[PDB]
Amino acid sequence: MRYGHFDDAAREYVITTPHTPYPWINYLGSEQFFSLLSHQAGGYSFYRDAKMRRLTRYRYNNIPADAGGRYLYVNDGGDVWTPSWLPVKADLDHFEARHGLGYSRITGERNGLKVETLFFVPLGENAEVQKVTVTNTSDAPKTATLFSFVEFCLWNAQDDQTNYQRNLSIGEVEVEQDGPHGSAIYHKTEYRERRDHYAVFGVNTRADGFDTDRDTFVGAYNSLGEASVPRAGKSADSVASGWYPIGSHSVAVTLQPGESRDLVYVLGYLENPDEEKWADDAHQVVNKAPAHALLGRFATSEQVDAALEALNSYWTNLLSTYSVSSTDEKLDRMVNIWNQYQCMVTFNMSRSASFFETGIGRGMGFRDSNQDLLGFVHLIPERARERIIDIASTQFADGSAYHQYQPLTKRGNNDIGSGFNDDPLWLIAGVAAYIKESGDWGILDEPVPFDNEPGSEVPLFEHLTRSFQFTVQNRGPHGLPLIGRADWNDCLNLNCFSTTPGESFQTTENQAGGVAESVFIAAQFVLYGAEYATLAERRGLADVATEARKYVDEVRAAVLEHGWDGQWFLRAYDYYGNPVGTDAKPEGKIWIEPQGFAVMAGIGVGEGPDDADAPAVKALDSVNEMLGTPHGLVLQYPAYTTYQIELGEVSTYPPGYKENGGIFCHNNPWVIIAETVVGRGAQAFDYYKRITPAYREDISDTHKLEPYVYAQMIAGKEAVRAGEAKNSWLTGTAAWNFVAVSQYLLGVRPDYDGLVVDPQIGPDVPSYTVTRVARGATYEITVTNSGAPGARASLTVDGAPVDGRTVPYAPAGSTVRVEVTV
């Protein structure tokens, strides 16, 4: 089963039926303004922040799913339909939805009218634009009225959906039928008070009618599928006062056979300095200058196509830094297009707003946005540079950090907990990755506040020493790091012991004391402590570097002395000091996280893939056997079947789901990289294939979700629904697979001083070429690959043989041809 196909030439996914297993979305915009856009035009838009500045209302968990978006009702001689199929569900002669990069196109044809909508967010603009083309595809003339429709949200999404006792009375709008480029509608709830911003809804022609009151346009007792106004065939010209404000214009068109007409709609977010808030001395009329400039920049189809061409170019630019041409076009489309696109989206959204993330509780995660950085640095480094400052700015002086920050304000909060002891180290991971990529050492000197305190600024590097010190100065009785609230795994709450239902494990108070330690954070420390060590050394900090190395080696000794179960790695010591993820317990015998990560840190590695005696190999073989499924690798085994009070949230999920035996795809790339480390490329590629969008399109009815982007979790072998994903789009899997495949499978990764070429992918990719731009030079890396296990590359550069696998960076401007033999 498949519901559409990739089109590589156009960089689109093409959906060919509306009857998908679930709503399938694209993210529009990439700067400050965003739209979630389903293949039925469902979703919503926000400026910068989904909780705080949401422009349009969308209902999660509606019946049916995704009824509510940017609809255009067509009334053709009494018959009413929508080219997005939903909400009217009228029969379509032709239907198509194409999700592209920063844009989508939805086309729907019925009874001789074809309606095509191009949705996108233009570069530099805080607006969503639709170019709608109506074509008469019959033998006879046609008259039709089109009704645009969109539903306003009242800005604060939290208040929107809970605070009716107030907010049913505050909705305001202005209507401008005779504006400079056509008709506009103004949503300005609370602009009267503290908001310095409003939304506009406009079309590039003088409208026949409008409507701004939902109840009037839809009618008592009706769903959107049955809206009264389009059925009536004419707008009611409703002005909202309180209740539910909408945006809606009506446009009657007449077409001869084969003729078409373009309509351009803009939903825009505008601000005014409060000096210029009002058109009038009495402050009753919003100043509309910005709104008229916006509509004037999109008054014509030529203007639209120009912006769309510019957007195409920007993508081409972004995607030119890394790419691959091989014999496997599923690999190719992932590395060249889809995975990098996702990374851009995750860098932007973190984990706040998907069709599963509700854009309310979660803002920008510390761990989440640091990790995303690893997949974003090659794309736009200047923006990664800024983001690093932003994250570091929510760090506390003692080295710990706010678990997340509010995107609109950049100020951290505790809304989803505090005291995650793995957080602080990810800062070093982000910065290491960024420096390797850019070589912009001047970042370590950037002055950066603690918890945004002005006056408190220290150099970035110093922030890093705090992170490093935090874990140094918080170790338990085996010398493993103290776990605190949780580690990378939010659901392993060893300091919790909750028996009060309905209070969240992420926010509920924690027990002081006990001796709970994390093998994960230990691994984490070994990996990133080495990065930190290497940066101390380079900044000329001799002794700090020597000291850092001593600690790193201690934590590594500890992992091997106290963190080893026999055939795999322990996960943790609980509050009482008892082992977790041991063969001693009947459930939760083996956990994936420390297996993946300890091996990337190099802990327990023998002298080859064929050294059955190395902890690293045993670990991965236990993982292979206990954790392996056709759909990826489950998190631990067996899943817990009763509530384990000492472990927190983990055993609260039914077996096979989320952290209780789900495939948490995010951690699969840790094993994939681990495998290349021990030199079993063939299997690392296997693993990559099980979870990767292009390899799973074939089972779209099983995966259920978008077949072009990774999801956070795939139901595991203990789940009745084994193989079905949830929480698509917004996941660290994206950036971690990008790292995995671009840098470890195919082998091309920047290091401090040169570019490493270390293919480890096994025989299924016998030959490829990578074009990598680094430090302004193009590297053309041409690989011949036997994929023999353990075999490792040798290189020639411009005709000359060199040693090891690191090509010192060539000056900017140069092209450097690398011949690779594995």
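The first residue of the shown sequence is 1; numbering continues from there.
Student: Pick between 809 to 817 and 6 to 14: the one whose mean CA B-factor in the entry is higher.
Tutor: It is 809 to 817 that shows the higher mean C-alpha B-factor.
Student: When the C-alpha temperature factors are averaged for each of 116 to 124 and 601 to 609, which stretch ends up with the higher value in the entry?
Tutor: If you average the C-alpha B-factors of 116 to 124 and of 601 to 609, the larger mean comes out for 601 to 609.
Student: With respect to the C-alpha temperature factors reported in the PDB entry, which of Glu659, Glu357, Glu503, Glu190 ranks highest?
Tutor: Highest CA B-factor of the listed options: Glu503.
Student: Tell me, please, which of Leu560, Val677, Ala291, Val173 has the highest C-alpha B factor according to the deposited entry?
Tutor: It is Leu560.
Student: So where's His197 on the chain's Cα temperature factor ranking, which third?
Tutor: According to the entry, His197 has a C-alpha B-factor in the chain's lowest third.
Student: By its CA B factor, does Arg466 count among the lowest, middle or highest third of the modelled residues in the chain?
Tutor: Its C-alpha B-factor belongs to the middle third of this chain's values.
Student: Compared with the other modelled residues in the chain, in which third is the CA B-factor of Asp280?
Tutor: CA B-factor rank for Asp280: highest third.
Student: Test of reading the entry: by CA B factor among the chain's modelled residues, which third contains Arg53?
Tutor: As the PDB entry reports it, the C-alpha B-factor of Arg53 lands in the lowest third of its chain.
Student: Would you mind checking where the Cα B-factor of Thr641 ranks among the modelled residues of its chain, as the lowest, middle or highest third?
Tutor: For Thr641, whose C-alpha B-factor we compare with every modelled residue in the chain, the answer is the middle third.
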